[PDB]
């Protein structure tokens, strides 16, 4: 995947109204209507659009897009950078939320989900789940056969592929 390749994939990832919205923000920093903005304003536009890159991350991006020393970033490269950041932030959010889901499921906080805690949470959903169904989930998820689900096994169970 080349940069233009990366650019077509960034556009395919977003709806067109989202892309127009992003450009509406981006254009407020252009001025010259060149289709580019100063690398010094990249962090500001990304934050305005809900992203939270670290300073180290911004420096890395700038270094990747400004090799000719023009001091600018164009809109197509900006979309690539936005999509990279959106993917990283969403995965961060998903990991944090799974850690909270686990602390909640583990009622006695012993660091493991046991069959009684698993059945209680599945039954509370209102679904017509049977004890066989709960036991089936426990066996398929308990990779070391200790009768319980630890956090590593919980992440694998939930992410599935995982």
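Residue numbers count along the first chain shown, from 1.
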Do the C-alpha atoms of 60 to 68 or of 25 to 33 have the higher average B factor in the entry?
25 to 33
74 to 82 versus 87 to 95: which one carries the higher mean Cα B factor per the record?
87 to 95
From 55, 123, 103, 47, which pick has the Cα B-factor that tops the rest in the entry?
103
Ranking the modelled residues of this chain by C-alpha B-factor as given in the entry, is residue 140 in the lowest, middle or highest third?
highest
Which third, lowest, middle or highest, does the C-alpha temperature factor of residue 9 belong to within its own chain?
highest
Which third, lowest, middle or highest, does the CA B-factor of residue 3 fall in along this chain?
highest
Where does residue 157 sit by CA temperature factor within its chain: lowest, middle or highest third?
lowest
